[PDB]
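Chains as they are written, first to last, in the entry's author numbering: chain F, 520 to 547, 569 to 664; chain E, 520 to 547, 569 to 664; chain D, 520 to 547, 569 to 664; chain L, 2 to 9, 11 to 27, 27A to 27C, 28 to 94, 96 to 110; chain C, 36 to 59, 63 to 141, 152 to 185, 189 to 309, 312 to 321, 321A, 322 to 398, 411 to 505; chain I, 1 to 52, 52A, 53 to 82, 82A to 82C, 83 to 100, 100A to 100I, 101 to 115.
Beta carbons: idealized from backbone N, C-alpha and C, even for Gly.
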Amino acid sequence: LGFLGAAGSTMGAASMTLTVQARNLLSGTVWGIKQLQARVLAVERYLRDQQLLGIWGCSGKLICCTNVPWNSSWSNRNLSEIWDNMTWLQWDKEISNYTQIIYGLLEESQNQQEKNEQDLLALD
Amino acid sequence: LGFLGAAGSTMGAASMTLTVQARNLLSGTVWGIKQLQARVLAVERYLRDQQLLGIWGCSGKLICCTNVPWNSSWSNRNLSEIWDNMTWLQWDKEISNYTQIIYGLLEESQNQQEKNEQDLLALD
Amino acid sequence: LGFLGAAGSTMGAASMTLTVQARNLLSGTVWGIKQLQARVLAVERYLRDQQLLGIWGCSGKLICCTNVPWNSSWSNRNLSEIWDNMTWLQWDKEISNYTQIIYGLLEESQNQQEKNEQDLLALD
Amino acid sequence: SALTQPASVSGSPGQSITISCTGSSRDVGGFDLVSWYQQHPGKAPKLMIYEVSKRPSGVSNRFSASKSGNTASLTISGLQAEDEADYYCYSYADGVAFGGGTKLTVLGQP
Amino acid sequence: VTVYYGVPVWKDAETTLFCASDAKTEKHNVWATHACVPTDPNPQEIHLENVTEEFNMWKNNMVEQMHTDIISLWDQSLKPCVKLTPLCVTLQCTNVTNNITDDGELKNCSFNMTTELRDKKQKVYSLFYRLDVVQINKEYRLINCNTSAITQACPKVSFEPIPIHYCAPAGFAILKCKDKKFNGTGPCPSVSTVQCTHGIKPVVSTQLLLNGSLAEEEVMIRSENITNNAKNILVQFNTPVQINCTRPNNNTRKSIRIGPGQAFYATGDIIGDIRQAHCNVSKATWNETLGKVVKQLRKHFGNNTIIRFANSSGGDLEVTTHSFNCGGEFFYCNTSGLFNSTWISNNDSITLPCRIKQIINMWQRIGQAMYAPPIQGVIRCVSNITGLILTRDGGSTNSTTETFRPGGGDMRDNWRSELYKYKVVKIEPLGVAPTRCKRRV
Amino acid sequence: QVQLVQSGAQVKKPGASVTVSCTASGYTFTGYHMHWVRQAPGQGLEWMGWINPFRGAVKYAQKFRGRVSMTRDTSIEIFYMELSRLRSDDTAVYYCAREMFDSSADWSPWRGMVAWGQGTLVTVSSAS
Ligand SMILES: *[C@@H]1O[C@H](CO)[C@@H](O[C@@H]2O[C@H](CO)[C@@H](O[C@@H]3O[C@H](CO)[C@@H](O)[C@H](O[C@@H]4O[C@H](CO)[C@@H](O)[C@H](O)[C@@H]4O)[C@@H]3O)[C@H](O)[C@H]2NC(C)=O)[C@H](O)[C@H]1NC(C)=O
Ligand SMILES: *[C@@H]1O[C@H](CO)[C@@H](O[C@@H]2O[C@H](CO)[C@@H](O[C@@H]3O[C@H](CO)[C@@H](O)[C@H](O[C@H]4O[C@H](CO)[C@@H](O)[C@H](O)[C@@H]4O)[C@@H]3O)[C@H](O)[C@H]2NC(C)=O)[C@H](O)[C@H]1NC(C)=O
Ligand SMILES: *[C@@H]1O[C@H](CO)[C@@H](O[C@@H]2O[C@H](CO)[C@@H](O[C@H]3O[C@H](CO)[C@@H](O)[C@H](O)[C@@H]3O)[C@H](O)[C@H]2NC(C)=O)[C@H](O)[C@H]1NC(C)=O
Ligand SMILES: *[C@@H]1O[C@H](CO)[C@@H](O[C@H]2O[C@H](CO)[C@@H](O[C@H]3O[C@H](CO)[C@@H](O)[C@H](O)[C@@H]3O)[C@H](O)[C@H]2NC(C)=O)[C@H](O)[C@H]1NC(C)=O
Ligand SMILES: *[C@@H]1O[C@H](CO)[C@@H](O[C@@H]2O[C@H](CO)[C@@H](O)[C@H](O)[C@H]2NC(C)=O)[C@H](O)[C@H]1NC(C)=O
Ligand SMILES: *[C@@H]1O[C@H](CO)[C@@H](O[C@@H]2O[C@H](CO)[C@@H](O)[C@H](O)[C@H]2NC(C)=O)[C@H](O)[C@H]1NC(C)=O
Ligand SMILES: *[C@@H]1O[C@H](CO)[C@@H](O[C@@H]2O[C@H](CO)[C@@H](O)[C@H](O)[C@H]2NC(C)=O)[C@H](O)[C@H]1NC(C)=O
Ligand SMILES: *[C@@]1(*)O[C@H](CO)[C@@H](O[C@@H]2O[C@H](CO)[C@@H](O)[C@H](O)[C@H]2NC(C)=O)[C@H](O)[C@H]1NC(C)=O
Ligand SMILES: *[C@@H]1O[C@H](CO)[C@@H](O)[C@H](O)[C@H]1NC(C)=O
Ligand SMILES: *[C@@H]1O[C@H](CO)[C@@H](O)[C@H](O)[C@H]1NC(C)=O
Ligand SMILES: *[C@@H]1O[C@H](CO)[C@@H](O)[C@H](O)[C@H]1NC(C)=O
Ligand SMILES: *[C@@H]1O[C@H](CO)[C@@H](O)[C@H](O)[C@H]1NC(C)=O
Ligand SMILES: *[C@@H]1O[C@H](CO)[C@@H](O)[C@H](O)[C@H]1NC(C)=O
Ligand SMILES: *[C@@H]1O[C@H](CO)[C@@H](O)[C@H](O)[C@H]1NC(C)=O
Ligand SMILES: *[C@@H]1O[C@H](CO)[C@@H](O)[C@H](O)[C@H]1NC(C)=O
Ligand SMILES: *[C@@H]1O[C@H](CO)[C@@H](O)[C@H](O)[C@H]1NC(C)=O
Ligand SMILES: *[C@@H]1O[C@H](CO)[C@@H](O)[C@H](O)[C@H]1NC(C)=O
Ligand SMILES: *[C@@H]1O[C@H](CO)[C@@H](O)[C@H](O)[C@H]1NC(C)=O
Ligand SMILES: *[C@@H]1O[C@H](CO)[C@@H](O)[C@H](O)[C@H]1NC(C)=O
Ligand SMILES: *[C@@H]1O[C@H](CO)[C@@H](O)[C@H](O)[C@H]1NC(C)=O
Ligand SMILES: *[C@@H]1O[C@H](CO)[C@@H](O)[C@H](O)[C@H]1NC(C)=O
Ligand SMILES: *[C@@H]1O[C@H](CO)[C@@H](O)[C@H](O)[C@H]1NC(C)=O
Ligand SMILES: *[C@@H]1O[C@H](CO)[C@@H](O)[C@H](O)[C@H]1NC(C)=O
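Shown next, in the form of structure tokens:
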């Protein structure tokens, strides 16, 4: 539905619109230096996103899977009431409480643990 | 044969020289601001190419198969009539009109289907 | 152990600090033009390294193996006296004379081959 | 004046007193910009406190003031000699208005 | 768990916004658009549903960016033009007008000026305005001769406000509040995204938002807080008000030489009758527009109260009057007749005196002044009025009457009138989620 | 430092006009509002108006509109307070009060006006 097209749509319907805004994340002297610094900021942020995705145990775009359970303190709800009754904006508004340590453990216990025994069970 | 070496060579032979130019796609005041602008353009264009290559569902390099049918109309030829008859230059010249729809369709119809039922088949 | 933290650590433990410097590699007017130049240089170097990892047969982080043979010219010695007798510092100091040719070999002899027979066996 | 103030308060040093700057429902309870001033005799007024339930810098903690709904209050602790001056209540409601004035006596006769 | 890449996430953030302008006439690097990239030929405006965003046009940081950008662009376009440091010189200046008050406001000053050869000096004359010179103790001198360095805007460039689109970079999207009844703060029922904004004319004006956006079919009185009188009250009209701004004096431009390579364009004799500029506004249409605006004002102050309009209280000439540009020079209309009505419960055109002022120190940057060159011939322009920068006078103990007066001065209010319904949000396509999937070992 | 030096005392006849200066020093002149406060001897405290030094925006009091006129000169960094149509009750000492916060604050022009000047006493008496 275009850039941010399914912003308010339910997540189940929003599971197929990852592509449009994955694609539109690159968009292809004073008063001209603004263009240069803006594009440098854009490319640097895109690399933040890609490096965060890659360093995690996914290396896969728009979707991945993992081996870490769900901490019982992060918005403990059911599948239906999270995947059908709510939209991404309200969810990431009510989930920004631990996102930092969510990513911290999702990288530690995955890249240096799960990928650690990946290295080991390929090294054995 | 070096960067853009086997440009006029047959596509079957051109498949063996892809990496010599994939390697050289980064190449490592006024009259010096041109260097900065050129390097920013080069790095952003390479990241655009990598974003396209990854969003298409492969994220691999120099080879990318998929699950989207190539209708005969676009080809209007056979395996030998494409991989031997003409090189990539005139092939692109004769196909440089559908590449937008080609890219969009092989990206959407591949990803948002194969990845979704891949998550589904791993959901059981 | 922080950026470049476990540099003096032997590879037995230094193999487990790779994610740290992978995460901090890109580290998340005059007197301000240096900031822009430094950040664009960091982006360019990081993407050059990622491209080298990409044109190689790894497509991943912290690990990849391959089928290309190893050369005695490259510090001919047994596993024990290269993984427990030296660290990467001295070893690199004694192998930083073949880096170009080792990269070229482990690139072409498999990416120009093993992906090709991979496509050929998927072509059956 | 839109603000009504007590004429004078009397006492000794050391205890604690309150200066009630009562007003209207549109001045003290309406907003939250009530302030208090300190004017020495023959000297330009000084800001003895920032606002209701708010103390600024350059003044001691001895000035504790708030607003009790329709009746703003200034409570001065640690009564001492230097406090001998005239205090003006200052609120905020459109065009600026000032209190009539609150005289006070310390360590002296009423 | 499971992370998704490309999750529809935005957060309030600030970033540098580049531009985009129409390709439709370079006119030697017009002030607005010289190096601005071409606009998007087809502005895809994407609408959204189930979307609610906390808009705040007064805490918006876009307006600060555009204000600083306009300052820098003006300084940059003004930098390479002619310096006017040699104009600081004793002006032997005399009145022009024989009959009493046939027109001051026109001063014929004869002075000295160094020619191409430094050895020789030339005696030249010019027609200055009263607001441009002050008397020294008759001998006059330029008003900004002791506080700044006068710099003539090189007349190759124009002062045309060209429509400008500020387009956010990659990873940043601009949200448009497309709902009709928009107050200025709070949730927006109809939030829609776009690459970037409509054509913004960066006009410079006070007390009247000339050539503004009038899409608001309702007179929405805006302000960061109604109860605060000292904060300007923003008003945006629905029906445009036509204005006939003219400079009937026919000026001829004399290129007095301040070489080598420098030219000082001084006004020659006014060929024709000596007149003063008049800014006409239709009395009727202005009346009904004031009626609409007061009907909407009564919704913010009681149910039925006296609303009085009066001329500007006081201050600088650029605040007590209507500053703007018509066809290449700056002048002011006191608009003392457009604000004189008092309304309790419920064919011609009003004419306003308008005073020319060539030398201008707009934006109050003392570090640099400016000298607007004369424009040959009669200047005529028609603009449309879409808003009022009104300020509320202080009330009293019993405020049964509330008097509204024009304000402005701070140009940020001029820019807020065009960026009220826009805001930038950065995209965070990284986000975890709970799933039943499981990666293999 | 912050010092608001005013002019010396003046003696006036009712029906005349009085002007007073209040120079500012040691701070950014075009960012802080300046309240003008009048004090008759022995009675309460009242208000003239506040000047925004940027572009000279002013706002007077309801009971002083038509009599007071306030201006400023940014170059020399001083303030002007001109009062005309003097009356017998206008005999007072006038105070110029610099505000505490910058003009861009939420409630900047209605804040506590921490800084005050020395004050100029004007005597308007029918006696000569
Ligand atoms: C709001 O929008 C109004 C409509 O655009 C605008 O008024 C018109 O503005 C244009 C541009 O300034 C005026 O036309 C130009 O005027 C200058 C000065 O006279 C001319 O130099 C210029 O070119 C010349 O035009 C002559 C004929 O008029 C021609 O003989 C010369 O060779 C040369 O081409 C333009 O004519 C126009 O007259 C204005 N009025 C009309 C009737 O459209 C408002 O100024 C604008 N308001 C603001 C505040 O931006
Ligand atoms: C740069 O040049 C400008 C222009 O010459 C200059 O501006 C002038 O500054 C002086 C102060 O230095 C201003 O003088 C005052 O103006 C006010 C206007 O209301 C007068 O009230 C002042 O007092 C006189 O008038 C009173 C009337 O009641 C008398 O009671 C009193 O005794 C005085 O006679 C005083 O004249 C002047 O108005 C401005 N503007 C002009 C047009 O002169 C600026 O100061 C210069 N900058 C520097 C740093 O040199
Ligand atoms: C502003 O003052 C200017 C100087 O007085 C005046 O222009 C000058 O006017 C005189 C006449 O008063 C002209 O005199 C000459 O006129 C013709 C020219 O061929 C001949 O009779 C003689 O040569 C005679 O000297 C000046 O030529 C003329 N210009 C100059 C350069 O001095 C302006 O008209 C005045 N402007 C206004 C609007 O009042
Ligand atoms: C923005 O403007 C608000 C007023 O429009 C400010 O508010 C404060 O002042 C108003 C009166 O002007 C109070 O209004 C009423 O609130 C309740 C009734 O709803 C009662 O207390 C009473 O009837 C009041 O008159 C506000 O309550 C009051 N707010 C607070 C928090 O004290 C507001 O302060 C101002 N600024 C901001 C930051 O919002
Ligand atoms: C330009 O400079 C010359 C310098 O001499 C001025 O000349 C004098 O002008 C006065 C009148 O202003 C005469 O009384 C003198 O006799 C002149 N001196 C000479 C030597 O000619 C001249 O006036 C200046 N220009 C203008 C327009 O005043
Ligand atoms: C508002 O109106 C008043 C008159 O009611 C204007 O003041 C007069 O202006 C004229 C022309 O400049 C002067 O000749 C008078 O002496 C002024 N009278 C007084 C008492 O000052 C005032 O200038 C108007 N304001 C605006 C901005 O138009
Ligand atoms: C301004 O005045 C000049 C001078 O009169 C006008 O230019 C020409 O003047 C000659 C001599 O009077 C006339 O014969 C021409 O017809 C004038 N030009 C035109 C095109 O009519 C000039 O036109 C005047 N400008 C305006 C806008 O009135
Ligand atoms: C706009 O306001 C000015 C005053 O700032 C008015 O000026 C008039 O000026 C003449 C002298 O040129 C005086 O005789 C008048 O008394 C002034 N009128 C007022 C109201 O002060 C000007 O007329 C006003 N313009 C209007 C009313 O459209
Ligand atoms: C909005 O919500 C409805 C709920 O039924 C959904 O069908 C629709 O796709 C959503 N679309 C957007 C743009 O959020
Ligand atoms: C998850 O994190 C929370 C953080 O408070 C902790 O209490 C809990 O024990 C962790 N593990 C599980 C299984 O919930
Ligand atoms: C989670 O944290 C964010 C950021 O602090 C906060 O806005 C949100 O309300 C929190 N949700 C809760 C506490 O449920
Ligand atoms: C050019 O075409 C001929 C056709 O016989 C082929 O033999 C030759 O190798 C080709 N050269 C290159 C560089 O592809
Ligand atoms: C193949 O079919 C799809 C679906 O109808 C169409 O979009 C595409 O253009 C076709 N292209 C060909 C002829 O390969
Ligand atoms: C692309 O396809 C269209 C439609 O068949 C055709 O008109 C156009 O010439 C083609 N362009 C090429 C072959 O470069
Ligand atoms: C120091 O070197 C020894 C070599 O065996 C290694 O075991 C040890 O972990 C190293 N210590 C650190 C902190 O690098
Ligand atoms: C490896 O490469 C070197 C040259 O770089 C060569 O001398 C050597 O024979 C090769 N093979 C082995 C097994 O060392
Ligand atoms: C290059 O060869 C020299 C030969 O003495 C050796 O010492 C060195 O370690 C090699 N590698 C380098 C320079 O890193
Ligand atoms: C001449 O100029 C002076 C400048 O102050 C002005 O007052 C006067 O009205 C003008 N005209 C006459 C006839 O003096
Ligand atoms: C928001 O809208 C309401 C009317 O629905 C209005 O009363 C309020 O003042 C508005 N708030 C702002 C600050 O725009
Ligand atoms: C101003 O002039 C234009 C052009 O003649 C005219 O269309 C317009 O109606 C005039 N203004 C008014 C208010 O009538
Ligand atoms: C505006 O129109 C009304 C009639 O609708 C009239 O009573 C009023 O006097 C008019 N106001 C002006 C300023 O002409
Ligand atoms: C504005 O209205 C007042 C009402 O008393 C009147 O005196 C004044 O002349 C009017 N001004 C104009 C320009 O109509
Ligand atoms: C806005 O002004 C223009 C002239 O600049 C006029 O043509 C237009 O009709 C006015 N408003 C609208 C949208 O009607």
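Closer than 7 Å to chain L by CB, residue i
i: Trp36 (chain I); result: no
Beta-bridge pairing of residue i - partner residues as DSSP gives them
i: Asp47 (chain C); result: C:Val489
i: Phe468 (chain C); result: C:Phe361, C:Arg456
7 Å Cβ cutoff, residue i in contact with chain F
i: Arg588 (chain D); result: no
i: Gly600 (chain E); result: no
i: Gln591 (chain E); result: yes
i: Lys502 (chain C); result: yes
i: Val42 (chain C); result: yes
C-beta neighbour in chain I for residue i, strict 7 Å
i: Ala43 (chain L); result: yes
i: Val27C (chain L); result: no
Closer than 6 Å: residue i CB and nearest ligand 4 heavy atom
i: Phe29 (chain I); result: no
Delimiting residues of the beta strand (DSSP E) encompassing residue i
i: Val286 (chain C); result: 284-302
i: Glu648 (chain E); result: It is not in any beta strand (DSSP E) - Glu648 (chain E) instead sits in the alpha helix (DSSP H) that spans 639-650.
i: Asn160 (chain C); result: 155-162
Residue i Cβ short of 6 Å to ligand 21 heavy atom set
i: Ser393 (chain C); result: yes
Heavy atom of ligand 5 within 6 Å of residue i beta-carbon
i: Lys171 (chain C); result: yes
Any non-hydrogen atom of ligand 11 within 6 Å of residue i CB
i: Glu492 (chain C); result: no
i: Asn611 (chain E); result: no
Interface flag, residue i vs chain C, CB-CB below 7 Å
i: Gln652 (chain F); result: no
i: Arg66 (chain I); result: no
Closer than 6 Å: residue i CB and nearest ligand 12 heavy atom
i: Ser528 (chain E); result: yes
Any non-hydrogen atom of ligand 18 closer than 6 Å to residue i Cβ
i: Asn136 (chain C); result: no
Proximity test, residue i beta-carbon vs ligand 19 heavy atom, cut-off 6 Å
i: residue 60 (chain C); result: There are no coordinates for residue 60 (chain C) in this structure, because the numbering of chain C runs from 59 directly to 63.
Residue i CB to nearest heavy atom of ligand 1 below 6 Å
i: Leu265 (chain C); result: no
Heavy atom of ligand 14 within 6 Å of residue i beta-carbon
i: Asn625 (chain E); result: no
_For ligand 20, residues whose Cβ lies under 7 Å from any non-hydrogen atom_ = Going along the chain, the residues that qualify are C:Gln293, C:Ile294, C:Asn295, C:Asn332, C:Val333, C:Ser334, C:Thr337, C:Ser413, C:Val446.
*How would the residue list near ligand 8 read, in chain order, if you kept each one whose beta-carbon is closer than 5 Å to any heavy atom?*
C:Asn386, C:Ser388, C:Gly389, C:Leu416
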